[PDB]
>>> print(open('coords_9.pdb').read())   # PDB, C-alpha atoms
ATOM      1  CA  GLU A   2     -13.340 158.187  20.409
ATOM      2  CA  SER A   3     -11.451 157.324  23.609
ATOM      3  CA  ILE A   4     -12.399 153.645  23.489
ATOM      4  CA  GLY A   5     -10.322 151.048  25.310
ATOM      5  CA  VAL A   6      -7.843 149.430  22.898
ATOM      6  CA  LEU A   7      -5.214 146.846  23.868
ATOM      7  CA  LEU A   8      -1.879 146.975  22.025
ATOM      8  CA  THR A   9      -0.152 143.623  22.431
ATOM      9  CA  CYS A  10       3.457 144.651  21.701
ATOM     10  CA  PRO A  11       5.460 147.605  20.307
ATOM     11  CA  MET A  12       4.538 146.976  16.665
ATOM     12  CA  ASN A  13       4.956 150.418  15.150
ATOM     13  CA  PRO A  14       5.521 153.892  16.640
ATOM     14  CA  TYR A  15       3.037 155.659  14.353
ATOM     15  CA  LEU A  16       0.285 153.101  14.990
ATOM     16  CA  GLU A  17       0.959 153.280  18.737
ATOM     17  CA  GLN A  18       0.887 157.093  18.699
ATOM     18  CA  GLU A  19      -2.413 157.238  16.801
ATOM     19  CA  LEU A  20      -3.979 154.631  19.098
ATOM     20  CA  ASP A  21      -2.942 156.724  22.106
ATOM     21  CA  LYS A  22      -4.504 159.800  20.468
ATOM     22  CA  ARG A  23      -7.776 158.410  19.087
ATOM     23  CA  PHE A  24      -8.558 155.722  21.676
ATOM     24  CA  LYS A  25      -7.937 154.823  25.315
ATOM     25  CA  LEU A  26      -4.715 152.889  24.766
ATOM     26  CA  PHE A  27      -3.591 150.022  26.996
ATOM     27  CA  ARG A  28      -0.035 148.820  26.358
ATOM     28  CA  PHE A  29       0.148 145.102  27.148
ATOM     29  CA  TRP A  30       3.802 145.453  28.172
ATOM     30  CA  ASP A  31       2.914 148.074  30.804
ATOM     31  CA  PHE A  32       1.618 145.138  32.877
ATOM     32  CA  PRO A  33       4.056 142.662  34.496
ATOM     33  CA  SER A  34       1.882 139.716  33.424
ATOM     34  CA  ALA A  35      -1.261 139.250  31.358
ATOM     35  CA  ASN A  36      -3.271 138.720  34.553
ATOM     36  CA  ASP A  37      -2.214 142.198  35.717
ATOM     37  CA  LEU A  38      -4.177 143.596  32.769
ATOM     38  CA  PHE A  39      -7.086 141.142  33.012
ATOM     39  CA  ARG A  40      -7.547 141.694  36.751
ATOM     40  CA  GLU A  41      -7.534 145.495  36.437
ATOM     41  CA  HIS A  42      -9.238 146.181  33.080
ATOM     42  CA  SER A  43     -11.186 143.035  32.127
ATOM     43  CA  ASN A  44     -14.121 145.051  30.745
ATOM     44  CA  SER A  45     -12.167 148.154  29.663
ATOM     45  CA  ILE A  46     -10.893 146.639  26.394
ATOM     46  CA  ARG A  47     -13.243 146.752  23.404
ATOM     47  CA  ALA A  48     -10.580 146.292  20.704
ATOM     48  CA  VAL A  49      -7.315 144.349  20.504
ATOM     49  CA  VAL A  50      -4.523 145.336  18.117
ATOM     50  CA  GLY A  51      -2.093 142.450  17.689
ATOM     51  CA  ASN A  52       0.446 141.094  15.234
ATOM     52  CA  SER A  53       2.213 137.823  14.414
ATOM     53  CA  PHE A  54       3.989 137.838  17.803
ATOM     54  CA  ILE A  55       1.055 138.317  20.203
ATOM     55  CA  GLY A  56      -2.509 138.090  18.922
ATOM     56  CA  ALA A  57      -5.836 137.134  20.529
ATOM     57  CA  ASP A  58      -5.817 133.567  21.839
ATOM     58  CA  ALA A  59      -8.656 131.706  23.563
ATOM     59  CA  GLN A  60      -7.441 132.767  27.015
ATOM     60  CA  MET A  61      -7.277 136.462  26.100
ATOM     61  CA  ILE A  62     -10.642 136.446  24.307
ATOM     62  CA  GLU A  63     -12.361 134.926  27.345
ATOM     63  CA  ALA A  64     -10.562 137.236  29.793
ATOM     64  CA  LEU A  65     -11.890 140.319  27.914
ATOM     65  CA  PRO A  66     -15.668 139.787  27.672
ATOM     66  CA  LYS A  67     -16.373 143.252  26.195
ATOM     67  CA  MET A  68     -14.066 142.704  23.207
ATOM     68  CA  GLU A  69     -15.708 143.659  19.903
ATOM     69  CA  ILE A  70     -12.951 143.537  17.268
ATOM     70  CA  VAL A  71      -9.470 142.157  16.622
ATOM     71  CA  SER A  72      -7.539 144.360  14.189
ATOM     72  CA  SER A  73      -4.304 142.581  13.298
ATOM     73  CA  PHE A  74      -1.127 144.357  12.173
ATOM     74  CA  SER A  75      -0.460 141.374   9.930
ATOM     75  CA  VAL A  76      -1.817 139.261   7.095
ATOM     76  CA  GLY A  77      -1.409 136.086   9.140
ATOM     77  CA  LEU A  78      -4.147 134.969  11.521
ATOM     78  CA  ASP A  79      -2.483 132.025  13.312
ATOM     79  CA  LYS A  80      -2.485 133.977  16.604
ATOM     80  CA  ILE A  81      -6.245 134.694  16.536
ATOM     81  CA  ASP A  82      -8.944 132.279  17.690
ATOM     82  CA  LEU A  83     -11.042 132.973  14.603
ATOM     83  CA  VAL A  84     -13.722 130.378  15.385
ATOM     84  CA  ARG A  85     -14.220 131.642  18.937
ATOM     85  CA  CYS A  86     -14.338 135.187  17.553
ATOM     86  CA  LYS A  87     -17.248 134.255  15.271
ATOM     87  CA  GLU A  88     -19.039 132.484  18.139
ATOM     88  CA  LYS A  89     -18.891 135.575  20.377
ATOM     89  CA  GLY A  90     -19.745 138.111  17.665
ATOM     90  CA  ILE A  91     -16.224 139.560  17.498
ATOM     91  CA  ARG A  92     -15.056 140.994  14.190
ATOM     92  CA  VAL A  93     -11.493 140.339  13.027
ATOM     93  CA  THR A  94      -9.530 142.322  10.440
ATOM     94  CA  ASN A  95      -6.034 142.014   8.993
ATOM     95  CA  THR A  96      -3.792 143.803   6.461
ATOM     96  CA  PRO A  97      -4.022 141.941   3.138
ATOM     97  CA  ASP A  98      -2.401 142.979  -0.146
ATOM     98  CA  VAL A  99      -0.423 145.882   1.349
ATOM     99  CA  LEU A 100       2.538 143.645   2.279
ATOM    100  CA  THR A 101       2.432 141.194  -0.649
ATOM    101  CA  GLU A 102       5.034 143.080  -2.688
ATOM    102  CA  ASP A 103       7.557 143.500   0.138
ATOM    103  CA  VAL A 104       7.317 139.891   1.360
ATOM    104  CA  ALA A 105       7.665 138.614  -2.210
ATOM    105  CA  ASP A 106      10.651 140.944  -2.627
ATOM    106  CA  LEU A 107      12.302 139.417   0.444
ATOM    107  CA  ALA A 108      11.820 135.845  -0.799
ATOM    108  CA  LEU A 109      13.621 136.700  -4.043
ATOM    109  CA  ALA A 110      16.373 138.433  -2.065
ATOM    110  CA  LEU A 111      16.894 135.379   0.154
ATOM    111  CA  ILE A 112      17.075 133.166  -2.939
ATOM    112  CA  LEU A 113      19.802 135.313  -4.486
ATOM    113  CA  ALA A 114      21.598 135.842  -1.169
ATOM    114  CA  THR A 115      21.722 132.083  -0.575
ATOM    115  CA  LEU A 116      22.480 130.885  -4.112
ATOM    116  CA  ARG A 117      25.063 133.608  -4.827
ATOM    117  CA  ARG A 118      26.436 133.761  -1.245
ATOM    118  CA  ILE A 119      26.091 137.541  -1.140
ATOM    119  CA  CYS A 120      26.256 137.866   2.649
ATOM    120  CA  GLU A 121      29.282 135.561   2.671
ATOM    121  CA  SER A 122      30.822 137.572  -0.176
ATOM    122  CA  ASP A 123      30.317 140.774   1.823
ATOM    123  CA  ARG A 124      32.004 139.283   4.897
ATOM    124  CA  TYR A 125      34.768 138.139   2.528
ATOM    125  CA  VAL A 126      35.604 141.652   1.302
ATOM    126  CA  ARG A 127      35.288 143.382   4.678
ATOM    127  CA  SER A 128      37.551 140.818   6.376
ATOM    128  CA  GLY A 129      40.308 141.588   3.855
ATOM    129  CA  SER A 130      40.378 138.083   2.353
ATOM    130  CA  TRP A 131      39.911 139.301  -1.237
ATOM    131  CA  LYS A 132      43.612 140.225  -1.278
ATOM    132  CA  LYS A 133      44.466 136.504  -1.052
ATOM    133  CA  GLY A 134      42.442 135.165  -3.976
ATOM    134  CA  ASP A 135      39.119 135.040  -5.739
ATOM    135  CA  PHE A 136      36.017 134.172  -3.761
ATOM    136  CA  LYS A 137      34.623 130.684  -4.292
ATOM    137  CA  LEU A 138      32.318 130.101  -7.229
ATOM    138  CA  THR A 139      28.640 130.005  -6.345
ATOM    139  CA  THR A 140      25.355 128.783  -7.826
ATOM    140  CA  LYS A 141      23.491 130.351 -10.743
ATOM    141  CA  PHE A 142      19.880 131.343 -10.044
ATOM    142  CA  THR A 143      18.555 131.968 -13.571
ATOM    143  CA  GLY A 144      16.834 128.886 -14.947
ATOM    144  CA  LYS A 145      16.627 126.994 -11.654
ATOM    145  CA  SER A 146      13.329 125.374 -10.706
ATOM    146  CA  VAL A 147      11.283 127.189  -8.050
ATOM    147  CA  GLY A 148       8.634 125.284  -6.093
ATOM    148  CA  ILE A 149       6.159 127.344  -4.083
ATOM    149  CA  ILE A 150       4.142 125.996  -1.154
ATOM    150  CA  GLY A 151       0.967 128.052  -1.413
ATOM    151  CA  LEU A 152      -0.102 129.996  -4.507
ATOM    152  CA  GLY A 153      -1.888 132.850  -2.756
ATOM    153  CA  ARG A 154      -1.258 136.550  -3.224
ATOM    154  CA  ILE A 155       2.322 136.310  -1.941
ATOM    155  CA  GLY A 156       3.062 132.971  -3.605
ATOM    156  CA  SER A 157       1.780 134.225  -6.944
ATOM    157  CA  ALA A 158       3.837 137.414  -6.513
ATOM    158  CA  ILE A 159       7.014 135.403  -5.892
ATOM    159  CA  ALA A 160       6.336 133.340  -9.025
ATOM    160  CA  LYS A 161       5.903 136.458 -11.172
ATOM    161  CA  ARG A 162       9.327 137.720 -10.078
ATOM    162  CA  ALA A 163      11.083 134.381 -10.590
ATOM    163  CA  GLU A 164       9.680 134.189 -14.135
ATOM    164  CA  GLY A 165      11.842 137.192 -15.037
ATOM    165  CA  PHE A 166      14.841 135.014 -14.138
ATOM    166  CA  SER A 167      13.638 132.318 -16.594
ATOM    167  CA  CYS A 168      12.709 130.064 -13.658
ATOM    168  CA  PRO A 169      10.441 127.030 -14.127
ATOM    169  CA  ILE A 170       7.662 127.404 -11.549
ATOM    170  CA  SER A 171       5.757 124.625  -9.777
ATOM    171  CA  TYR A 172       3.409 124.866  -6.781
ATOM    172  CA  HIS A 173       1.472 122.756  -4.277
ATOM    173  CA  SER A 174      -1.525 122.531  -1.948
ATOM    174  CA  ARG A 175      -5.305 122.148  -1.542
ATOM    175  CA  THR A 176      -6.682 121.757  -5.066
ATOM    176  CA  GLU A 177      -5.133 122.635  -8.407
ATOM    177  CA  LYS A 178      -5.377 126.390  -8.882
ATOM    178  CA  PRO A 179      -7.179 127.450 -12.081
ATOM    179  CA  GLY A 180      -5.608 129.811 -14.570
ATOM    180  CA  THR A 181      -1.953 129.055 -13.827
ATOM    181  CA  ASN A 182       0.650 127.473 -16.097
ATOM    182  CA  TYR A 183       2.790 126.405 -13.137
ATOM    183  CA  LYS A 184       3.192 122.700 -12.430
ATOM    184  CA  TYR A 185       0.846 121.420  -9.736
ATOM    185  CA  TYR A 186       2.090 118.747  -7.339
ATOM    186  CA  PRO A 187      -0.410 116.901  -5.092
ATOM    187  CA  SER A 188       2.283 116.317  -2.431
ATOM    188  CA  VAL A 189       5.055 118.415  -0.914
ATOM    189  CA  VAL A 190       7.495 115.498  -1.171
ATOM    190  CA  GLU A 191       6.919 115.357  -4.937
ATOM    191  CA  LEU A 192       7.126 119.149  -5.211
ATOM    192  CA  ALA A 193      10.398 119.124  -3.266
ATOM    193  CA  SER A 194      11.832 116.252  -5.305
ATOM    194  CA  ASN A 195      11.261 118.162  -8.573
ATOM    195  CA  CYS A 196      12.572 121.612  -7.585
ATOM    196  CA  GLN A 197      15.814 123.116  -6.307
ATOM    197  CA  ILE A 198      14.363 126.184  -4.524
ATOM    198  CA  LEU A 199      11.536 125.435  -2.070
ATOM    199  CA  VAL A 200       9.586 128.519  -0.955
ATOM    200  CA  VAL A 201       7.203 128.472   2.019
ATOM    201  CA  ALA A 202       4.365 130.881   1.203
ATOM    202  CA  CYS A 203       1.316 129.381   2.926
ATOM    203  CA  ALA A 204      -0.774 130.197   5.981
ATOM    204  CA  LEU A 205       0.113 128.588   9.316
ATOM    205  CA  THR A 206      -2.675 126.191  10.328
ATOM    206  CA  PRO A 207      -2.590 122.790  12.043
ATOM    207  CA  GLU A 208      -2.467 121.393   8.499
ATOM    208  CA  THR A 209       0.638 123.378   7.483
ATOM    209  CA  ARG A 210       2.558 123.110  10.770
ATOM    210  CA  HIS A 211       5.924 121.432  10.106
ATOM    211  CA  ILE A 212       5.025 121.168   6.418
ATOM    212  CA  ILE A 213       8.795 121.114   5.828
ATOM    213  CA  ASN A 214       9.824 118.032   7.817
ATOM    214  CA  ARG A 215      12.729 115.595   7.529
ATOM    215  CA  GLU A 216      10.972 113.755   4.689
ATOM    216  CA  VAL A 217      10.499 116.885   2.564
ATOM    217  CA  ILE A 218      14.024 118.063   3.403
ATOM    218  CA  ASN A 219      15.480 114.709   2.346
ATOM    219  CA  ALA A 220      13.455 114.999  -0.867
ATOM    220  CA  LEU A 221      14.869 118.497  -1.442
ATOM    221  CA  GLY A 222      18.417 117.238  -1.025
ATOM    222  CA  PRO A 223      21.932 118.647  -0.658
ATOM    223  CA  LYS A 224      21.567 120.594  -3.930
ATOM    224  CA  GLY A 225      18.431 122.402  -2.716
ATOM    225  CA  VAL A 226      17.616 125.431  -0.576
ATOM    226  CA  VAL A 227      14.705 126.168   1.769
ATOM    227  CA  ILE A 228      13.237 129.682   1.618
ATOM    228  CA  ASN A 229      10.896 130.430   4.533
ATOM    229  CA  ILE A 230       9.037 133.749   4.566
ATOM    230  CA  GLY A 231       5.973 132.314   6.315
ATOM    231  CA  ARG A 232       6.022 131.183   9.942
ATOM    232  CA  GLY A 233       8.771 129.442  11.882
ATOM    233  CA  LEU A 234       6.450 126.531  12.684
ATOM    234  CA  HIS A 235       6.160 125.748   8.956
ATOM    235  CA  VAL A 236       9.564 124.021   9.219
ATOM    236  CA  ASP A 237      10.644 121.314  11.640
ATOM    237  CA  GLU A 238      13.420 123.583  12.868
ATOM    238  CA  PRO A 239      15.631 121.007  14.680
ATOM    239  CA  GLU A 240      15.487 118.812  11.572
ATOM    240  CA  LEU A 241      16.440 121.715   9.297
ATOM    241  CA  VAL A 242      19.514 122.471  11.418
ATOM    242  CA  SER A 243      20.489 118.790  11.562
ATOM    243  CA  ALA A 244      20.214 118.404   7.783
ATOM    244  CA  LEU A 245      22.349 121.507   7.231
ATOM    245  CA  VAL A 246      24.965 120.277   9.717
ATOM    246  CA  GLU A 247      25.116 116.820   8.111
ATOM    247  CA  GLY A 248      25.032 118.071   4.515
ATOM    248  CA  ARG A 249      21.608 116.654   3.638
ATOM    249  CA  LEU A 250      20.409 120.164   2.715
ATOM    250  CA  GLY A 251      22.371 122.650   0.645
ATOM    251  CA  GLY A 252      21.273 125.881   2.280
ATOM    252  CA  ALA A 253      18.472 127.917   3.784
ATOM    253  CA  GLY A 254      17.244 131.483   3.530
ATOM    254  CA  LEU A 255      15.309 132.037   6.740
ATOM    255  CA  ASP A 256      13.300 135.095   7.751
ATOM    256  CA  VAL A 257      11.230 133.360  10.465
ATOM    257  CA  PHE A 258      12.098 130.928  13.261
ATOM    258  CA  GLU A 259      10.389 128.722  15.835
ATOM    259  CA  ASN A 260      11.096 130.872  18.901
ATOM    260  CA  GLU A 261      11.860 134.365  17.620
ATOM    261  CA  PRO A 262      13.981 136.292  18.329
ATOM    262  CA  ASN A 263      16.018 133.164  19.142
ATOM    263  CA  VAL A 264      17.938 131.590  16.248
ATOM    264  CA  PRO A 265      19.654 128.187  16.672
ATOM    265  CA  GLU A 266      23.349 128.602  17.465
ATOM    266  CA  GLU A 267      24.370 126.025  14.841
ATOM    267  CA  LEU A 268      22.981 128.203  12.032
ATOM    268  CA  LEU A 269      25.025 131.228  13.149
ATOM    269  CA  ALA A 270      28.333 129.767  11.902
ATOM    270  CA  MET A 271      27.074 128.487   8.529
ATOM    271  CA  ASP A 272      27.918 130.268   5.285
ATOM    272  CA  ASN A 273      25.235 128.415   3.299
ATOM    273  CA  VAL A 274      22.372 130.050   5.236
ATOM    274  CA  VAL A 275      20.973 133.588   5.274
ATOM    275  CA  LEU A 276      19.195 134.670   8.464
ATOM    276  CA  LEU A 277      16.992 137.772   8.801
ATOM    277  CA  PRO A 278      15.094 139.046  11.897
ATOM    278  CA  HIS A 279      11.575 138.727  10.414
ATOM    279  CA  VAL A 280      11.824 141.726   8.101
ATOM    280  CA  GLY A 281       9.324 140.575   5.453
ATOM    281  CA  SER A 282       6.984 143.548   5.856
ATOM    282  CA  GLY A 283       9.529 145.845   7.514
ATOM    283  CA  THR A 284       9.734 148.752   5.074
ATOM    284  CA  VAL A 285       8.854 152.389   5.700
ATOM    285  CA  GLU A 286       6.238 152.253   2.936
ATOM    286  CA  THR A 287       4.506 148.980   3.839
ATOM    287  CA  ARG A 288       4.450 149.479   7.612
ATOM    288  CA  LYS A 289       2.795 152.862   7.061
ATOM    289  CA  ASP A 290       0.198 151.204   4.812
ATOM    290  CA  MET A 291      -0.414 148.472   7.397
ATOM    291  CA  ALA A 292      -0.780 151.004  10.225
ATOM    292  CA  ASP A 293      -3.297 153.107   8.291
ATOM    293  CA  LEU A 294      -5.294 149.955   7.507
ATOM    294  CA  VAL A 295      -5.530 148.884  11.160
ATOM    295  CA  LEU A 296      -6.632 152.403  12.101
ATOM    296  CA  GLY A 297      -9.099 152.425   9.209
ATOM    297  CA  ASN A 298     -10.730 149.208  10.417
ATOM    298  CA  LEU A 299     -11.030 150.381  14.032
ATOM    299  CA  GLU A 300     -12.553 153.700  12.938
ATOM    300  CA  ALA A 301     -15.052 152.053  10.583
ATOM    301  CA  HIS A 302     -16.048 149.542  13.274
ATOM    302  CA  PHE A 303     -16.730 152.010  16.094
ATOM    303  CA  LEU A 304     -18.516 154.371  13.678
ATOM    304  CA  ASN A 305     -20.889 151.527  12.665
ATOM    305  CA  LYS A 306     -19.471 151.611   9.129
ATOM    306  CA  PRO A 307     -18.557 148.566   7.016
ATOM    307  CA  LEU A 308     -15.082 147.275   7.789
ATOM    308  CA  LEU A 309     -12.237 147.638   5.300
ATOM    309  CA  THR A 310     -10.462 144.243   5.373
ATOM    310  CA  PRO A 311     -12.614 141.839   7.414
ATOM    311  CA  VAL A 312     -11.866 138.124   7.616
ATOM    312  CA  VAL A 313     -14.738 136.962   9.827
TER     313      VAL A 313
END
>>> encode(input="coords_9.pdb", output="structure tokens")
Amino acid sequence: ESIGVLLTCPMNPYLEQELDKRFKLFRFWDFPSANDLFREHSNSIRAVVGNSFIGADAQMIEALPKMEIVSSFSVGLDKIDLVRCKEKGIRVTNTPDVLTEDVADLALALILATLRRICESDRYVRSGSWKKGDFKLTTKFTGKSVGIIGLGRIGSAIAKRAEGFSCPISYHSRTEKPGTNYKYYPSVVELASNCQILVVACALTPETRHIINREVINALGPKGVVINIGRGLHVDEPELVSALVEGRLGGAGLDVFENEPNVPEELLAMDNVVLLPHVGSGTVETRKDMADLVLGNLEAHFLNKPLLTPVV
């Protein structure tokens, strides 16, 4: 029913419209600052709907003492104080599985767009330069070694697609995953040294922050490409730009950045990089599935029914 729900940012028009219809919706951006909401409706909010941009941090959790559930429009939880949520009896839900296919599809697209210079080729035709001569030769994808940081649902989905291109697959992190034929590497530097396409597909934790640093980038080398579909903090972003400027890294296919929607100016002029505005899950089909899952978790919670996709 008309229960107080806080929407952190304009995630999705259909989700926002249903929240306004089923619940008592508070739009976080209708308040000049966060304290304008906290001072006026501290106890009015029983649910928070966030995403990868604004979630539920320690300050927000403590400023809303009546909060019962965090329903995230995301698979990632790096914007939610999960441990504090468990301490205060707050449920948290996300949207697993429903965006695996689209995010894996975007990783494979960035690999092809970087290796085959498709976005550069498109600018080549539309600028009229094809009348002068053939476009430069590019780099073959089929058969190239793909190393995946994180063999979860999305990482395993990327590997399945690369196998159709006859790609050797290796992976890294935690403990060796059972039931895979991919090559396990106990370190990222050894994974990067033995692959030409390095895919970030892990969760953002203090452990995985800046997991692609100067040392891993130097191990990747000028014949390698970084593919980041995870979080911008997975990569030491000033080091990635520096290595691309100096030729220590071949290219980069980047969907996420440190301070979105800001993208470093140096990357804008490079032909060996492909830059997308965080479109991993941004399809009509997936965003509808994510929206219906967030609504399904809120409904089940406030009806005292078992949640659909709980994390804690």
>>> residues_around(input="coords_9.pdb", residues="range 211-224 of chain A", least_positions_apart="4", cutoff="9 Å", atoms="only C-alpha atoms", output="list in words")
residues 189, 190, 191, 192, 193, 194, 195, 196, 197, 198, 199, 201, 207, 233, 234, 235, 236, 237, 238, 240, 241, 244, 245, 248, 249, 250, 251 and 252 of chain A
>>> write_last_selection(input="coords_9.pdb", atoms="C-alpha atoms", output="mmCIF file, keeping the file's coordinate frame")
data_model
loop_
_atom_site.group_PDB
_atom_site.id
_atom_site.type_symbol
_atom_site.label_atom_id
_atom_site.label_comp_id
_atom_site.auth_asym_id
_atom_site.auth_seq_id
_atom_site.Cartn_x
_atom_site.Cartn_y
_atom_site.Cartn_z
ATOM 1 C CA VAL A 189 5.055 118.415 -0.914
ATOM 2 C CA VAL A 190 7.495 115.498 -1.171
ATOM 3 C CA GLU A 191 6.919 115.357 -4.937
ATOM 4 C CA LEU A 192 7.126 119.149 -5.211
ATOM 5 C CA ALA A 193 10.398 119.124 -3.266
ATOM 6 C CA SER A 194 11.832 116.252 -5.305
ATOM 7 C CA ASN A 195 11.261 118.162 -8.573
ATOM 8 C CA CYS A 196 12.572 121.612 -7.585
ATOM 9 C CA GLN A 197 15.814 123.116 -6.307
ATOM 10 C CA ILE A 198 14.363 126.184 -4.524
ATOM 11 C CA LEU A 199 11.536 125.435 -2.070
ATOM 12 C CA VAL A 201 7.203 128.472 2.019
ATOM 13 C CA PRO A 207 -2.590 122.790 12.043
ATOM 14 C CA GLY A 233 8.771 129.442 11.882
ATOM 15 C CA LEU A 234 6.450 126.531 12.684
ATOM 16 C CA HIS A 235 6.160 125.748 8.956
ATOM 17 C CA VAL A 236 9.564 124.021 9.219
ATOM 18 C CA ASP A 237 10.644 121.314 11.640
ATOM 19 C CA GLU A 238 13.420 123.583 12.868
ATOM 20 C CA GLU A 240 15.487 118.812 11.572
ATOM 21 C CA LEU A 241 16.440 121.715 9.297
ATOM 22 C CA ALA A 244 20.214 118.404 7.783
ATOM 23 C CA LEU A 245 22.349 121.507 7.231
ATOM 24 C CA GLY A 248 25.032 118.071 4.515
ATOM 25 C CA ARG A 249 21.608 116.654 3.638
ATOM 26 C CA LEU A 250 20.409 120.164 2.715
ATOM 27 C CA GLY A 251 22.371 122.650 0.645
ATOM 28 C CA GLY A 252 21.273 125.881 2.280
#
>>> atom_distance(input="coords_9.pdb", atom1="CA of residue 164 in chain A", atom2="CA of residue 209 in chain A")
25.8 Å
>>> resolve_selection(input="coords_9.pdb", expression="the PyMOL selection byres ((chain A and resi 160-162) around 9)", output="number ranges by chain")
A: 105-106, 109, 147-149, 152, 155-159, 163-166, 168, 170-171, 183
>>> resolve_selection(input="coords_9.pdb", expression="the PyMOL selection byres ((chain A and resi 227) around 7)", output="number ranges by chain")
A: 198-200, 225-226, 228-229, 252-254
>>> atom_distance(input="coords_9.pdb", atom1="CA of residue 51 in chain A", atom2="CA of residue 95 in chain A")
9.6 Å
>>> closest_residue(input="coords_9.pdb", among="A:185, A:125, A:27, A:136", to="residue 6 in chain A", atoms="only C-alpha atoms")
A:27
>>> residues_around(input="coords_9.pdb", residues="residue 300 in chain A", least_positions_apart="2", cutoff="12 Å", atoms="all atoms listed in the file", output="short mmCIF file (atom, residue, chain, number, x, y, z; two decimals) with C-alpha atoms, in the frame of the given file")
data_model
loop_
_atom_site.label_atom_id
_atom_site.label_comp_id
_atom_site.auth_asym_id
_atom_site.auth_seq_id
_atom_site.Cartn_x
_atom_site.Cartn_y
_atom_site.Cartn_z
CA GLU A 2 -13.34 158.19 20.41
CA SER A 3 -11.45 157.32 23.61
CA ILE A 4 -12.40 153.65 23.49
CA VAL A 6 -7.84 149.43 22.90
CA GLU A 19 -2.41 157.24 16.80
CA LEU A 20 -3.98 154.63 19.10
CA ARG A 23 -7.78 158.41 19.09
CA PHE A 24 -8.56 155.72 21.68
CA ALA A 48 -10.58 146.29 20.70
CA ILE A 70 -12.95 143.54 17.27
CA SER A 72 -7.54 144.36 14.19
CA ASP A 293 -3.30 153.11 8.29
CA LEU A 294 -5.29 149.96 7.51
CA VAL A 295 -5.53 148.88 11.16
CA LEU A 296 -6.63 152.40 12.10
CA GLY A 297 -9.10 152.43 9.21
CA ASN A 298 -10.73 149.21 10.42
CA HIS A 302 -16.05 149.54 13.27
CA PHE A 303 -16.73 152.01 16.09
CA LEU A 304 -18.52 154.37 13.68
CA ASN A 305 -20.89 151.53 12.66
CA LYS A 306 -19.47 151.61 9.13
CA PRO A 307 -18.56 148.57 7.02
CA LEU A 308 -15.08 147.28 7.79
CA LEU A 309 -12.24 147.64 5.30
#
